[PDB]
């Protein structure tokens, strides 16, 4: 077994979500993160050529980053309180894809097993992102 799970990072508010079904669409190719003054408000992830159903709320500005062909996320750091505040996706092309404000409890997620990358995310959401979990696999 090469799969592993990092999380949950955040608190117990909101309703659980998962992108487990989405990995069949392909590898992660892009990220959308809605952000305001204090929080990560929403999240969307592009699996192959297909975006996940948007999760989170509407009170923030949408930020979007596309990954390069064959670029994978190999480390995720961030910060949270009762809600998620910052995320940094570190790639195997040496890019640090940062979203949100530098404040709160820090976390640092890396994969357990050899040669695995970020395949999908899960977590909790409502009007904001309450929590996030990272799922690693081949």
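Positions refer to the first chain, counted from 1.
Undergrad: State which stretch shows the higher mean Cα B factor in the entry: 99-107 or 85-93.
TA: Averaged over C-alpha atoms, the B-factors run higher in 99-107.
Undergrad: With respect to the recorded C-alpha B factors, which stretch has the higher mean value, 123-131 or 5-13?
TA: The entry gives the higher C-alpha B-factor average to 5-13.
Undergrad: Would you check the entry's CA temperature factor for residue 54 and let me know if it's in the chain's lowest, middle or highest third?
TA: Middle third - that is where residue 54 ends up once the chain's C-alpha B-factors are sorted.
Undergrad: Splitting the chain's C-alpha B-factors into thirds, which one does residue 78 fall into?
TA: CA B-factor rank for residue 78: middle third.
Undergrad: For residue 42, does the deposited CA B-factor place it in the lowest, middle or highest third of the chain?
TA: Bottom third by C-alpha B-factor.
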